[PDB]
Amino acid sequence: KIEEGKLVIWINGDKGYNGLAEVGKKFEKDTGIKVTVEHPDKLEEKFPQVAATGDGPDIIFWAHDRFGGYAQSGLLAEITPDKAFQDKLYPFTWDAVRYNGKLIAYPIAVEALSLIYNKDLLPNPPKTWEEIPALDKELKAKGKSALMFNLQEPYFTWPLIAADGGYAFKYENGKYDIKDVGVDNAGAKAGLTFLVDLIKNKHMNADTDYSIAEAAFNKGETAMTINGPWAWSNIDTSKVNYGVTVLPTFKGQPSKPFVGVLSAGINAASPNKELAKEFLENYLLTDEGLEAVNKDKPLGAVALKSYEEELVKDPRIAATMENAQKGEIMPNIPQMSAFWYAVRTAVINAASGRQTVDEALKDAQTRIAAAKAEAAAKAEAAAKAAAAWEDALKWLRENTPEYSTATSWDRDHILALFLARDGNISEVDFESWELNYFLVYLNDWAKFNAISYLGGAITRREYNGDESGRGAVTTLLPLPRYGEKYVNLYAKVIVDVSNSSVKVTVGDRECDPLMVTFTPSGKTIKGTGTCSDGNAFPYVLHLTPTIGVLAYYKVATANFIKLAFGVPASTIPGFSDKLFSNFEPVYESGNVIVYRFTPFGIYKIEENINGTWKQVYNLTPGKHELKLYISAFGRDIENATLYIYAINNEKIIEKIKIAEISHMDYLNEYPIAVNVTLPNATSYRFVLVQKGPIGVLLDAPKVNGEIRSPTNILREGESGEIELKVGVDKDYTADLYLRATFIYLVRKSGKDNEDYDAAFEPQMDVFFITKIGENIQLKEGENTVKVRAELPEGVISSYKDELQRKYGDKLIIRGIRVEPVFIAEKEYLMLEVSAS
Ligand SMILES: OC[C@H]1O[C@H](O[C@H]2[C@H](O)[C@@H](O)[C@@H](O)O[C@@H]2CO)[C@H](O)[C@@H](O)[C@@H]1O
Ligand SMILES: [Ca+2]
């Protein structure tokens, strides 16, 4: 499992994982950072599953073709090699790892299949696939076969199938892409028929896989196999006398292998992204690093110039490059896994007899066309999102303070706890993060299963089904309003509210929500949560003037719905009115809303007049007897002062102190009465001043001239001279501390952490360990600060083992930060109101 301060690496079991581990030993020897190499089964399928929760390795190795889908899913960090490092590698290897313009992985080596032949059995291997039956019959007379290779994977078989005219890919525009038109042409039919015939005529067996083919060739049973450079080591060991040469032709045309770049990507979930970078750039991608790996299992033609210059003298590498020259470079588009499913199913089915050759190819063609239309749909919607986001970001640059902190969907768990939950547990301390603006995106309803699981609302099963793939729920479903109906045509939901009444219809049946809520009337209707056929319907339905939402009961009052759909339902009276004084919508374009965050807001002012209390929305110049209703979100008010800034046009003309608040619990707020006298002005800002975090780090910090992690600036024990570049939007006298934050989960259901009945409750504990700087005088714009500082040993790890004590096997630690934090008296805008 991933941990701060060490590296986990995944690579396939056919590559040089033991040599890679030797690189990792050198790293640890120079660096103190332990590196673990693993080769899980089906790693290319496991990765997107586990990385979607925030698990998986720090670094994943695979051929470049899968990485686009990973990147599109947010699973990969953009890598940041400088031009000097890029120049060390062959320039066009970088194109394999570039996706929508960005570099998403490091290229390591170019791979292609070759024909490998036993020179004692077959000094003159056939050029042609056509020669293979007659050759096999002849060798069968002395107990040998002509050719064995992996028939289970289309990486190996498709080159035959596409040989007779056919590119599997097309340059479509800007990019190599999957070819849909003419997948089942006469050339492909001829290739796959040829293969099926080799099987039916008993020159090959449909069950032959990678292990069977390898053991056969390496024990001298078969004169030929097809494989990549990685296979050469086990051949050398077996002492077979072998050559590597050009793939056979079919119908006079080359067998065009797939050309893959073995590539190293950094998991977005990694808190070790700088370490991963150092390992890959300065340890792996060096002559010594690649040599260690290559000496375990050969890499092929490596991306690193200096080392490839040695390798290209080997005739086996020359043969590999000759096949790669004739091959098809794989796209890295997201539809690549669906392509491979299609083409994998086709060969298996045709080879096993499950389908005729033409039915096999027809269904592949239909799958590939379906995948392409989905890609075209997505790209249209990703453009839509692109531009809404772009307006919202432009608006933020133009209209918010320069060093303002903004977020959007370790911290992921805490965002999720805010978004997926309701009431007291959802009051997360965003001010700790110096959060200023929260962006919400209405379309994240489609991502709500992950958000709900990560925020502890639902179980692993509800999130994405159990082992078999059963039990997933739909957490949120939007229902646009068309007259007196709310409809989701896709999901076949119709809600009719005509005739002052509600009828819910899903497909053909009438369904009875557990509850319906109406906003803004606040009417509610309790129902059974079932459909008329007797099946469960565990959903709540909320209707608003413009939209409806169907929500799974466990997220029926999620704060996301409050913020994105304007549904104020809460299990805590008061909660929603409070929330909206802490999140103020200051802009909205497309389906993006930007909220101004303040931990301290006023959601109601009452004024006493003629002796009766009445809520007011503005205030005139003069005297008022007032009662302010305050929301504290996620942290307490402590030793605060309350002011009114009288405002004219955009200028503070007076500061008027109206109250002191020594304490207010964030879960138990109470009204404050004040009597005030206001001068003339266009408007009045209510402003709270108390201690809190200020400043934004500009570059990574340095300890003793060394570049360090802003989230883990010092290990426990360590000390040093520290230097920080800090931005502030105004001047401050600040203290500086080291502050640790622990984010962890606690299992609250299920028998163990692997049970699909498990849900996990996130928690964040923040504490200030040491004051390392007093009265530092920060000035508007940029600043350099330098102090000596030590993090005592025991601080981290002491807490870590107290968590153990309290939670045992329920505990899962997700992040531990040690951060430098400035603290000063800071202003919080609680509410601005007009004069008149
Ligand atoms: O067969 C489909 C499969 O082909 C490629 O995987 C190769 C891999 O690139 C090679 O490094 C080698 O290990 O053999 C694998 C095939 O068994 C694609 O890279 C992969 O996405 C795809 O599923
Ligand atoms: Ca509160």
# chains A, B, ... in the order shown; residues from 1 in each chain; ligands from 1

$ residues_near_ligand --ligand "ligand 2" --cutoff "7 Å" --atoms "only C-alpha atoms and all ligand atoms" --output "PyMOL selection string"
chain A and resi 427+631-634+666-669

$ select_by_dssp --residues "region 332-533 of chain A" --states "alpha helix (DSSP H)" --output "VMD selection string"
chain A and resid 336 to 352 357 to 399 411 to 420 448 to 454 460 to 464

$ residues_near_ligand --ligand "ligand 1" --cutoff "6 Å" --atoms "only C-alpha atoms and all ligand atoms" --output "number ranges by chain"
A: 63, 65-66, 153-155, 260, 340

$ closest_residue --among "A:275, A:744, A:364, A:118" --to "residue 219 (chain A)" --atoms "only C-alpha atoms"
A:118

$ closest_residue --among "A:778, A:338, A:9, A:213" --to "residue 272 (chain A)" --atoms "only C-alpha atoms"
A:9

$ closest_atom_pairs --of "region 647-755 of chain A" --to "region 822-835 of chain A" --cutoff "6 Å" --atoms "only C-alpha atoms" --output "Markdown table"
| residue | atom | partner | partner_atom | distance |
| --- | --- | --- | --- | --- |
| A:682 | CA | A:835 | CA | 5.3 |
| A:683 | CA | A:834 | CA | 4.1 |
| A:684 | CA | A:833 | CA | 5.4 |
| A:685 | CA | A:832 | CA | 4.3 |
| A:686 | CA | A:831 | CA | 5.3 |
| A:687 | CA | A:829 | CA | 4.8 |
| A:688 | CA | A:828 | CA | 5.0 |
| A:689 | CA | A:827 | CA | 4.5 |
| A:690 | CA | A:825 | CA | 4.9 |
| A:691 | CA | A:825 | CA | 4.2 |
| A:692 | CA | A:823 | CA | 5.2 |
| A:693 | CA | A:823 | CA | 4.7 |
| A:694 | CA | A:822 | CA | 5.6 |
| A:734 | CA | A:824 | CA | 4.8 |
| A:735 | CA | A:823 | CA | 5.3 |
| A:736 | CA | A:822 | CA | 4.5 |

$ residues_around --residues "region 809-813 of chain A" --least-positions-apart "4" --cutoff "10 Å" --atoms "only C-alpha atoms" --output "PyMOL selection string"
chain A and resi 3+410+742-753+760-763+800+803-805

$ residues_around --residues "residue 720 (chain A)" --least-positions-apart "2" --cutoff "6 Å" --atoms "only C-alpha atoms" --output "ChimeraX atom specification"
/A:703-704,788-789

$ select_by_dssp --residues "region 272-389 of chain A" --states "strand (DSSP E or B)" --output "PyMOL selection string"
chain A and resi 301-302+304+328-329

$ write_last_selection --atoms "N, CA and C atoms" --output "compact mmCIF listing (two decimals), in the first residue's frame"
# COMPACT_ATOMS: atom_id res chain seq x y z
N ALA A 301 14.32 -1.64 -27.76
CA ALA A 301 15.05 -0.44 -28.14
C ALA A 301 14.71 0.68 -27.20
N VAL A 302 15.63 0.98 -26.34
CA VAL A 302 15.34 1.88 -25.21
C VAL A 302 15.24 3.34 -25.68
N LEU A 304 16.35 5.96 -24.18
CA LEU A 304 17.51 6.72 -23.80
C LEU A 304 18.64 6.56 -24.83
N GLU A 328 2.42 -1.08 -36.64
CA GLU A 328 1.43 -0.05 -36.39
C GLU A 328 1.63 0.48 -34.98
N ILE A 329 2.06 1.73 -34.88
CA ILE A 329 2.16 2.39 -33.56
C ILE A 329 0.76 2.49 -32.95

$ closest_residue --among "A:299, A:387, A:361, A:96" --to "residue 187 (chain A)" --atoms "only C-alpha atoms"
A:361

$ residues_around --residues "residue 267 (chain A)" --least-positions-apart "3" --cutoff "8 Å" --atoms "only C-alpha atoms" --output "PyMOL selection string"
chain A and resi 51+56-60+75-77+270

$ write_last_selection --atoms "N, CA, C and O atoms" --output "PDB file, in the first residue's frame"
ATOM      1  N   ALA A  51      -7.008   2.679  -8.572  1.00  0.00           N
ATOM      2  CA  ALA A  51      -6.583   4.036  -8.557  1.00  0.00           C
ATOM      3  C   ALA A  51      -7.829   4.950  -8.480  1.00  0.00           C
ATOM      4  O   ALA A  51      -7.727   6.088  -8.044  1.00  0.00           O
ATOM      5  N   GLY A  56      -3.679   1.816  -5.315  1.00  0.00           N
ATOM      6  CA  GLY A  56      -2.728   1.470  -6.369  1.00  0.00           C
ATOM      7  C   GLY A  56      -1.315   1.839  -6.028  1.00  0.00           C
ATOM      8  O   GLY A  56      -0.998   2.246  -4.897  1.00  0.00           O
ATOM      9  N   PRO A  57      -0.426   1.691  -7.003  1.00  0.00           N
ATOM     10  CA  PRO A  57       0.981   1.954  -6.742  1.00  0.00           C
ATOM     11  C   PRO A  57       1.311   3.423  -6.927  1.00  0.00           C
ATOM     12  O   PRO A  57       0.492   4.141  -7.439  1.00  0.00           O
ATOM     13  N   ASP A  58       2.523   3.866  -6.582  1.00  0.00           N
ATOM     14  CA  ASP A  58       2.921   5.202  -6.930  1.00  0.00           C
ATOM     15  C   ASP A  58       3.218   5.299  -8.410  1.00  0.00           C
ATOM     16  O   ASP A  58       2.949   6.313  -9.009  1.00  0.00           O
ATOM     17  N   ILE A  59       3.751   4.216  -8.997  1.00  0.00           N
ATOM     18  CA  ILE A  59       4.241   4.234 -10.351  1.00  0.00           C
ATOM     19  C   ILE A  59       3.734   2.955 -11.031  1.00  0.00           C
ATOM     20  O   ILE A  59       3.764   1.870 -10.458  1.00  0.00           O
ATOM     21  N   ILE A  60       3.196   3.127 -12.209  1.00  0.00           N
ATOM     22  CA  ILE A  60       2.762   2.015 -13.009  1.00  0.00           C
ATOM     23  C   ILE A  60       3.470   1.945 -14.374  1.00  0.00           C
ATOM     24  O   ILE A  60       3.560   2.948 -15.056  1.00  0.00           O
ATOM     25  N   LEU A  75      -6.402   9.529 -13.478  1.00  0.00           N
ATOM     26  CA  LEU A  75      -5.588   8.600 -12.661  1.00  0.00           C
ATOM     27  C   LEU A  75      -4.096   8.844 -12.671  1.00  0.00           C
ATOM     28  O   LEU A  75      -3.329   8.135 -11.958  1.00  0.00           O
ATOM     29  N   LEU A  76      -3.679   9.801 -13.461  1.00  0.00           N
ATOM     30  CA  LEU A  76      -2.267  10.027 -13.764  1.00  0.00           C
ATOM     31  C   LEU A  76      -1.898  11.473 -13.581  1.00  0.00           C
ATOM     32  O   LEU A  76      -2.618  12.342 -13.975  1.00  0.00           O
ATOM     33  N   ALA A  77      -0.738  11.732 -13.015  1.00  0.00           N
ATOM     34  CA  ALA A  77      -0.289  13.099 -12.852  1.00  0.00           C
ATOM     35  C   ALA A  77       0.412  13.463 -14.148  1.00  0.00           C
ATOM     36  O   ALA A  77       0.999  12.606 -14.818  1.00  0.00           O
ATOM     37  N   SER A 270      -0.705   9.559  -5.798  1.00  0.00           N
ATOM     38  CA  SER A 270       0.563   9.426  -5.094  1.00  0.00           C
ATOM     39  C   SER A 270       0.847  10.664  -4.310  1.00  0.00           C
ATOM     40  O   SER A 270       0.868  11.743  -4.883  1.00  0.00           O
TER      41      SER A 270
END

$ atom_distance --atom1 "CA of residue 230 (chain A)" --atom2 "CA of residue 115 (chain A)"
13.4 Å

$ residues_around --residues "residue 286 (chain A)" --least-positions-apart "6" --cutoff "12 Å" --atoms "only C-alpha atoms" --output "VMD selection string"
chain A and resid 23 85 88 to 89 108 278 to 280 292 to 294 302 to 308

$ residues_around --residues "region 674-678 of chain A" --least-positions-apart "2" --cutoff "6 Å" --atoms "only C-alpha atoms" --output "PyMOL selection string"
chain A and resi 621-626
